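A.B. asks: Structure file my_file.tsv (TSV, C-alpha atoms) right here:
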```tsv
chain	number	residue	atom	x	y	z
A	77	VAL	CA	101.74	65.37	148.28
A	78	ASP	CA	98.80	64.90	145.90
A	79	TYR	CA	99.94	64.60	142.26
A	80	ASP	CA	103.02	64.73	140.02
A	81	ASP	CA	104.68	67.46	137.96
A	82	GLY	CA	105.57	68.01	134.32
A	83	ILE	CA	105.90	65.18	131.80
A	84	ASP	CA	107.34	61.74	132.51
A	85	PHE	CA	110.54	61.01	130.58
A	86	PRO	CA	113.10	58.16	130.55
A	87	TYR	CA	115.72	60.69	131.81
A	88	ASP	CA	119.34	60.89	130.66
A	89	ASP	CA	122.46	59.38	132.29
A	90	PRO	CA	124.22	59.74	134.68
A	91	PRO	CA	121.38	60.02	137.23
A	92	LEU	CA	120.80	63.55	138.47
A	93	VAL	CA	121.61	64.65	142.02
A	94	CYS	CA	120.26	67.72	143.81
A	95	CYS	CA	122.25	69.88	146.23
A	96	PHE	CA	120.06	71.91	148.58
A	97	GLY	CA	121.24	74.89	150.59
A	98	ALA	CA	123.26	78.06	150.15
A	99	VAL	CA	125.65	78.80	147.29
A	100	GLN	CA	128.71	80.57	148.71
A	101	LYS	CA	132.31	81.20	147.69
A	102	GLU	CA	134.64	79.21	149.96
A	103	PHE	CA	133.24	79.68	153.49
A	104	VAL	CA	134.21	76.55	155.37
A	105	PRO	CA	131.47	76.12	158.03
A	106	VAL	CA	133.27	73.87	160.52
A	107	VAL	CA	135.12	76.15	162.97
A	108	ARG	CA	136.63	75.09	166.30
A	109	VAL	CA	139.51	76.24	168.49
A	110	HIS	CA	143.05	75.32	167.47
A	111	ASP	CA	146.00	75.53	169.86
A	112	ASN	CA	148.73	76.17	167.24
A	113	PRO	CA	148.19	79.61	165.71
A	114	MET	CA	150.61	81.28	163.31
A	115	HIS	CA	151.51	84.95	163.01
A	116	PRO	CA	148.33	87.09	163.12
A	117	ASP	CA	149.52	89.27	160.20
A	118	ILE	CA	152.00	87.25	158.13
A	119	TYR	CA	149.69	85.04	156.07
A	120	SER	CA	152.71	83.54	154.30
A	121	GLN	CA	153.18	81.40	157.43
A	122	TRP	CA	149.58	80.17	157.41
A	123	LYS	CA	150.35	77.51	154.79
A	124	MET	CA	152.20	75.66	157.56
A	125	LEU	CA	148.77	74.99	159.10
A	126	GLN	CA	147.68	73.50	155.77
A	127	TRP	CA	150.24	70.69	156.00
A	128	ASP	CA	149.89	70.42	159.80
A	129	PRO	CA	146.17	71.07	160.06
A	130	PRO	CA	143.77	70.95	162.98
A	131	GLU	CA	142.11	67.55	163.02
A	132	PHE	CA	138.64	69.00	162.41
A	133	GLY	CA	140.01	70.74	159.32
A	134	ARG	CA	141.88	67.85	157.71
A	135	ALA	CA	139.34	67.48	154.88
A	136	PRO	CA	137.00	70.46	155.29
A	137	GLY	CA	133.64	70.59	153.57
A	138	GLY	CA	131.74	73.60	152.34
A	139	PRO	CA	128.47	74.77	150.82
A	140	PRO	CA	126.39	72.36	148.71
A	141	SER	CA	127.42	74.27	145.57
A	142	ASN	CA	130.97	72.97	146.09
A	143	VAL	CA	129.61	69.42	146.17
A	144	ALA	CA	127.55	70.05	143.03
A	145	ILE	CA	130.52	71.49	141.12
A	146	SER	CA	132.80	68.65	142.24
A	147	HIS	CA	130.17	66.06	141.29
A	148	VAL	CA	129.81	67.54	137.81
A	149	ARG	CA	133.60	67.63	137.35
A	150	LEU	CA	133.71	63.94	138.30
A	151	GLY	CA	131.40	63.09	135.39
A	152	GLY	CA	127.99	63.36	137.06
A	153	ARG	CA	124.95	65.56	136.49
A	154	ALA	CA	123.92	67.84	139.34
A	155	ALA	CA	121.34	70.53	140.03
A	156	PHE	CA	121.46	73.19	142.75
A	157	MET	CA	118.32	74.24	144.64
A	158	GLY	CA	118.47	77.56	146.47
A	159	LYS	CA	117.88	81.29	146.30
A	160	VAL	CA	120.19	84.18	145.44
A	161	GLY	CA	119.57	87.90	145.25
A	162	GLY	CA	119.11	89.90	142.08
A	163	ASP	CA	122.30	91.90	142.54
A	164	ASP	CA	125.71	91.45	140.91
A	165	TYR	CA	126.98	88.89	143.42
A	166	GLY	CA	124.01	86.56	142.95
A	167	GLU	CA	124.44	86.67	139.18
A	168	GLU	CA	128.16	85.99	139.66
A	169	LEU	CA	127.41	82.92	141.78
A	170	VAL	CA	124.85	81.64	139.27
A	171	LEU	CA	127.37	82.22	136.46
A	172	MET	CA	129.98	80.26	138.42
A	173	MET	CA	127.56	77.36	138.77
A	174	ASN	CA	126.57	77.61	135.09
A	175	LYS	CA	130.14	77.54	133.74
A	176	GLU	CA	130.61	74.34	135.76
A	177	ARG	CA	127.56	72.85	133.98
A	178	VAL	CA	125.52	72.68	137.18
A	179	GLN	CA	121.80	72.97	136.52
A	180	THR	CA	120.55	76.31	137.84
A	181	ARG	CA	116.89	75.82	136.87
A	182	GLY	CA	116.30	75.26	140.60
A	183	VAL	CA	117.82	78.63	141.52
A	184	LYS	CA	115.30	81.29	142.56
A	185	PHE	CA	116.13	84.98	142.24
A	186	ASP	CA	115.04	87.70	144.67
A	187	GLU	CA	115.30	91.19	143.19
A	188	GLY	CA	114.85	92.90	146.57
A	189	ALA	CA	117.57	91.00	148.45
A	190	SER	CA	121.35	91.40	148.67
A	191	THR	CA	123.15	88.11	148.06
A	192	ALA	CA	125.14	86.76	151.03
A	193	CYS	CA	124.19	89.77	153.19
A	194	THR	CA	122.48	89.47	156.57
A	195	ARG	CA	120.92	92.27	158.62
A	196	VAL	CA	121.85	92.05	162.31
A	197	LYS	CA	121.47	94.30	165.35
A	198	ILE	CA	124.25	94.60	167.92
A	199	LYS	CA	123.27	94.31	171.59
A	200	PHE	CA	125.17	94.25	174.89
A	201	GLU	CA	123.42	91.57	176.93
A	202	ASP	CA	124.98	90.87	180.36
A	203	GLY	CA	128.06	92.95	179.57
A	204	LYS	CA	129.02	91.04	176.41
A	205	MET	CA	128.48	92.21	172.85
A	206	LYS	CA	126.07	90.05	170.86
A	207	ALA	CA	124.13	90.12	167.60
A	208	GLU	CA	120.68	89.00	166.48
A	209	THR	CA	119.38	88.51	162.96
A	210	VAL	CA	116.98	91.12	161.59
A	211	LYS	CA	116.63	90.05	157.94
A	212	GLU	CA	117.95	86.70	156.77
A	213	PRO	CA	120.02	86.52	153.57
A	214	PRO	CA	118.34	85.23	150.39
A	215	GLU	CA	120.32	81.99	150.68
A	216	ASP	CA	118.42	81.24	153.90
A	217	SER	CA	115.08	82.51	152.53
A	218	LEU	CA	113.92	79.85	150.08
A	219	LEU	CA	110.22	79.09	150.44
A	220	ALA	CA	108.45	75.78	149.86
A	221	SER	CA	106.46	77.47	147.08
A	222	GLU	CA	109.74	78.38	145.33
A	223	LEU	CA	110.92	74.77	144.98
A	224	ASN	CA	111.42	73.10	141.60
A	225	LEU	CA	109.40	69.89	141.50
A	226	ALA	CA	110.90	68.69	138.21
A	227	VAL	CA	114.37	68.70	139.77
A	228	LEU	CA	113.12	66.92	142.88
A	229	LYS	CA	111.39	64.35	140.68
A	230	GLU	CA	114.40	63.65	138.45
B	8	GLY	CA	162.58	81.04	155.42
B	9	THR	CA	160.42	78.46	157.16
B	10	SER	CA	157.44	78.78	154.80
B	11	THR	CA	158.66	80.91	151.87
B	12	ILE	CA	161.76	81.18	149.72
B	13	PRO	CA	164.03	83.61	151.60
B	14	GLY	CA	165.44	86.77	150.12
B	15	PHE	CA	168.46	86.02	147.95
B	16	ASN	CA	170.37	88.87	149.62
B	17	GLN	CA	169.22	88.01	153.16
B	18	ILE	CA	172.61	86.52	154.08
B	19	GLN	CA	174.39	89.73	153.09
B	20	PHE	CA	171.67	91.81	154.77
B	21	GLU	CA	171.81	89.92	158.07
B	22	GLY	CA	175.60	89.69	158.13
B	23	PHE	CA	176.10	93.44	157.78
B	24	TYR	CA	173.48	94.15	160.45
B	25	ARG	CA	175.31	91.75	162.77
B	26	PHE	CA	178.52	93.73	162.19
B	27	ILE	CA	176.83	97.01	163.11
B	28	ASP	CA	175.30	95.64	166.32
B	29	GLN	CA	178.09	93.47	167.73
B	30	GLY	CA	181.08	93.79	165.39
B	31	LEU	CA	181.76	97.45	166.19
B	32	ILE	CA	181.48	97.11	169.98
B	33	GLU	CA	183.47	93.86	170.09
B	34	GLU	CA	186.22	95.58	168.08
B	35	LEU	CA	186.10	99.06	169.61
B	36	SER	CA	187.03	97.16	172.76
B	37	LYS	CA	190.54	95.64	172.90
B	38	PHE	CA	191.74	99.16	172.07
B	39	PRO	CA	194.53	99.72	174.61
B	40	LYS	CA	194.42	102.65	177.00
B	41	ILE	CA	197.43	104.35	175.43
B	42	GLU	CA	199.97	105.59	177.98
B	43	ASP	CA	203.37	107.17	177.43
B	44	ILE	CA	206.59	105.64	178.74
B	45	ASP	CA	206.61	108.24	181.53
B	46	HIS	CA	202.92	107.41	182.25
B	47	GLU	CA	202.26	111.17	182.28
B	48	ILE	CA	199.74	111.30	179.43
B	49	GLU	CA	197.05	108.61	179.17
B	50	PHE	CA	194.78	108.42	176.12
B	51	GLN	CA	191.71	106.18	176.16
B	52	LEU	CA	188.44	105.66	174.31
B	53	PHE	CA	184.92	105.47	175.75
B	54	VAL	CA	183.51	102.69	173.59
B	55	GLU	CA	180.00	103.01	175.04
B	56	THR	CA	179.84	106.49	173.46
B	57	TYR	CA	180.41	105.18	169.92
B	58	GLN	CA	178.04	106.43	167.23
B	59	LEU	CA	177.44	106.32	163.49
B	60	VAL	CA	175.82	109.18	161.58
B	61	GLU	CA	174.05	108.79	158.27
B	62	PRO	CA	176.24	109.51	155.22
B	63	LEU	CA	176.21	113.07	153.94
B	64	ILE	CA	176.42	112.02	150.29
```
Before anything else, please render the file you have as structure tokens.
C.D. replies:
Amino acid sequence: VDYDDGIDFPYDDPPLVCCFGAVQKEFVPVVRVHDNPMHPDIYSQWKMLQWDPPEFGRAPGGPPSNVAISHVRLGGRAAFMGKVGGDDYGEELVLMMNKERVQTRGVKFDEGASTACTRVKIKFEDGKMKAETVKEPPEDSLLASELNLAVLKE
Amino acid sequence: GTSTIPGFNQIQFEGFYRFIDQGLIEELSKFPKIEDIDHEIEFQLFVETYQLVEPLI
């Protein structure tokens, strides 16, 4: 915007990449309707939909933390930018990213928030049950003042 | 056994259950309605009334 941050350095190799968003365990986002369901209870049949998948789920993606971990395992250097709560689950997620050698210096903690928890209120508009968000989870509550300008520079 | 390794005793388990369902009825039939030479006394079985009770031991 106006100036730079920190101290200029030649920077190490491989070049750093930044993954921005929420850090979650699994949680494939892409969901559509499939016409070939298996038994609702017997999950031992559900592997048959892994080798005959819905087309939208042939190579599913996930949260940016998955991309960061995969990039580091492939020999690259990655940093994750996001916010987690100050509870046990947030520390567990940050530990998972740390053991994978993903840079967590861009991770902001929120002591008053519950990681991966969203407050919603249930309403019955036009005869159908619905929900609306009361308090967003800390993964959706990263502020522009909480960014890490060194990571964004490198 | 479409998606998992089946039980190693499933063939014995399913065979015996088939015998209880259809083997008994199919064999309790063909039992002749026993009649004497004089035809006076006729003995017969009502196969639809067949039952098995759980073992006492």
A.B. asks: List as a list in words the protein and nucleic acid residues near residue 210 of chain A, meaning an atom at most 12 Å away when only C-alpha atoms are counted, but skip any in the same chain fewer than 5 places from it.
C.D. replies: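 The residues satisfying every condition are residues 193, 194, 195, 196, 197 and 198 of chain A.
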A.B. asks: Would you kindly identify which residues have an atom no farther than 12 Å from (124.4, 87.0, 148.3), using only C-alpha atoms and the file's own coordinates, and write them out as a PyMOL selection string?
C.D. replies: chain A and resi 98-101+158-170+185-194+212-217
A.B. asks: Restricting the calculation to all atoms listed in the file: of A:209, A:116, A:122, A:87, which residue gets closest to chain B?
C.D. replies: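 For chain B, the nearest of the candidates is A:122.
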A.B. asks: Could you check how far atom CA of residue 29 of chain B sits from atom CA of residue 14 of chain B, in Å to one decimal?
C.D. replies: 22.7 Å
A.B. asks: Could you name the residues that touch segment 35-45 of chain B at 12 Å or less, counting all atoms listed in the file, but leaving out those on the same chain fewer than 3 positions away, as a ChimeraX atom specification?
C.D. replies: /B:26-32,48-58
A.B. asks: Please report the interatomic distance between atom CA of residue 224 of chain A and atom CA of residue 182 of chain A in Å with one decimal.
C.D. replies: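 Distance between the two atoms: 5.4 Å.
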A.B. asks: Counting all atoms listed in the file, figure out which residue out of A:126, A:141, A:221, A:121 gets nearest to residue 102 of chain A.
C.D. replies: A:141
A.B. asks: Could the residues of chain B within 8 Å of chain A, counting all atoms listed in the file, be given as JSON, numbers by chain, please?
C.D. replies: {"B": [9, 10, 11]}
A.B. asks: Just the number, please: distance in Å from atom CA of residue 228 of chain A to atom CA of residue 174 of chain A, one decimal.
C.D. replies: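 Spanning atom CA of residue 228 of chain A to atom CA of residue 174 of chain A is a straight-line distance of 18.9 Å.
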A.B. asks: Could you write out as lines of an AutoDock Vina configuration file the box around segment 8-16 of chain B (axis-aligned, all atoms listed in the file, 4 Å on each side), with centre and edge lengths in Å to one decimal?
C.D. replies:
```
center_x = 163.9
center_y = 83.7
center_z = 152.6
size_x = 20.9
size_y = 18.4
size_z = 17.2
```
A.B. asks: Quick one: everything within 8 Å of residue 154 of chain A, counting only C-alpha atoms, minus sequence neighbours fewer than 5 positions away in the same chain. Send it as a PyMOL selection string.
C.D. replies: chain A and resi 92-95+144-145+147-148+178-179
A.B. asks: Which residue is closest to residue 153 of chain A? Choose from A:131, A:176, A:202, A:117 and count only C-alpha atoms.
C.D. replies: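 With only C-alpha atoms as the atom set, the closest residue is A:176.
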A.B. asks: Taking all atoms listed in the file into account, which of A:79, A:200, A:103, A:85 comes nearest residue 139 of chain A?
C.D. replies: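 Once distances to residue 139 of chain A are computed over all atoms listed in the file, the minimum belongs to A:103.
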A.B. asks: Restricting the calculation to only C-alpha atoms: of A:199, A:136, A:181, A:90, which residue gets closest to residue 150 of chain A?
C.D. replies: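 For residue 150 of chain A, the nearest of the given residues is A:90.
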